[PDB]
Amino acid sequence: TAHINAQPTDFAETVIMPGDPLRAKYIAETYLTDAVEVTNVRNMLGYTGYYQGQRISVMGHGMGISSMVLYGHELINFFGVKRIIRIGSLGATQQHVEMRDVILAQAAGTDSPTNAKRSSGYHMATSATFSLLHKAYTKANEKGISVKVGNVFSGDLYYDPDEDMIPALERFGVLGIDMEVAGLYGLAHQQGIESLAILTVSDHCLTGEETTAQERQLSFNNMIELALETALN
């Protein structure tokens, strides 16, 4: 396990995972009680703390499916982890998707062939654990947080050469594009754990619409609160 330098018991059974380790740090200091840094190999920081009297971990997963699923695999297999909630952002690919929306990823597709390889060569579906999906939905509603539930696409190239990619996603109903969601779901199915991705909208790929920093921050907070409440049993 050359990639995580925690002790075997150092993680909660749920790990919330942004891409950016500095985001995990921020969450650990801002939202968690008594967070302790448990891993920092390669600057990929992770923490274990408490939320509303319950144990919970938050850790960066870095960029791209390859990065995410490597960390994910180690958490599951060496650190006893049973649930991973990804918190990220996506580029919006529907007109009805708004800058302030939180996206709950019901299912994801990808151009990474790593999922098909996990599922014995077949193109099996890769989706969020429903109980978690349902819980986050319910909480978003109880909290008056604007959500959209639907499909995302995780692409391997942030700088993809296919100029028709975004229009292709729009034509098929896709809510937005990210890099990792599909990886997490594939990993979760293959590994037999639970997962969900909750995402804010970092850009609108159709409109290019801009936001104030305080609008950006309200999204973030909403996503974190939602991820924490969903995680905590």
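Throughout, we count residues from 1 along the sequence that is shown.
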Looking at the deposited entry, does 135-143 or 150-158 carry the larger mean Cα B-factor?
135-143
With B-factors read from the PDB entry, the higher C-alpha mean of 63-71 and 47-55 is in 47-55
Among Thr126, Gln95, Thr110, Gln106 - the residue whose C-alpha B-factor is largest in the record:
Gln95
By the entry's values, the third containing the CA B factor of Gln191 is the middle
For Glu180, does the deposited CA B-factor place it in the lowest, middle or highest third of the chain?
lowest
Among the modelled residues of its chain, the C-alpha B-factor of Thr114 falls in the third labelled lowest
C-alpha B factor of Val15, ranked within the chain: lowest, middle or highest third?
lowest
Chain third (lowest, middle, highest) by recorded CA B-factor, residue given as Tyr31
highest
